[PDB]
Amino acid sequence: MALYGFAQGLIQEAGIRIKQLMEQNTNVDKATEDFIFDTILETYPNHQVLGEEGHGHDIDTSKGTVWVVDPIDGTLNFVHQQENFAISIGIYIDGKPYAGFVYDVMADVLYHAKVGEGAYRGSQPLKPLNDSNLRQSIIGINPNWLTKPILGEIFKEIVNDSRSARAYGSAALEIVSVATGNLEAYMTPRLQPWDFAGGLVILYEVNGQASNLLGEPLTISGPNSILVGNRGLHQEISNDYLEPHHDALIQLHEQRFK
């Protein structure tokens, strides 16, 4: 509770500093990451921090309390739109998720969740997810994946059965879209642990389901591909449109994560 409370005020303080550096006027990702790393260590010197801008690569992430932070998820959105970016924080203890935070800084909306205690949009509880079929589902997927040698071709059937397709440019906020019901599913061939660590606690708290594109479970020990959705639509995307291309997807997987 002290940890949750401490973490909730940290991510809020980090948002204030982000707006300071904007109203005034990459260094900004560095600034915010250093703030969060330094603030965590000051109170908890034996916690570890897995960060994108260069904290904790080659730490056994299953040992102790681990903070997995993306200080600005959606930097292109940050640069080009001045909005639609998130601070993402996931706290794991002894390799087991405890809490997840995804803060839409410019909307001023904090999405949060404690394992077993449901998920929230600020003060509002989020509803459990209902199953959907692919043919009545909006899916999160970027156009860039569809132009890729053999992965493109595998994703085109999914795009075409899907009711429609969207792309927001923040993996953390797109996972939270699935958690809030704004998207039925979201998928990508490459994410790092800092991109999903926070969003996954929230997703799991509304009965969503996550795996990589081969159905294998996700963890913070490394990068991976991503399939997230409601359970029913996860079964359908994995079972129908991915498992038939297992061998191609395996070879792809071993090429990306080598």
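Start at 1 with the first residue shown and count on from there.
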Subject >> Unmodelled deposited residues flanked by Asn25 on one side and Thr26 on the other >> reply: 10 or more
Subject >> Entry-level comparison of average CA B-factors, 87-95 and 146-154, reporting the higher stretch >> reply: 146-154
Subject >> Between 193-201 and 33-41 (mean CA B-factor, as deposited), the higher >> reply: 33-41
**OP:** In terms of CA temperature factor as recorded, identify the highest of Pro125, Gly74, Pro71, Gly100.
**Re:** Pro125
**OP:** Place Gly51 in the lowest, middle or highest third of its chain's C-alpha B-factors, as listed in the PDB entry.
**Re:** highest
Original post:
For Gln82, does the deposited CA B-factor place it in the lowest, middle or highest third of the chain?
Top reply: middle
**OP:** Sort the modelled residues of this chain by their C-alpha B factor and say whether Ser170 lands in the lowest, middle or highest third.
**Re:** lowest
Original post:
How does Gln209 rank on Cα B-factor within its chain, lowest, middle or highest third?
Top reply: middle
Subject >> CA B-factor ranking of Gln235, expressed as a third of its chain >> reply: highest
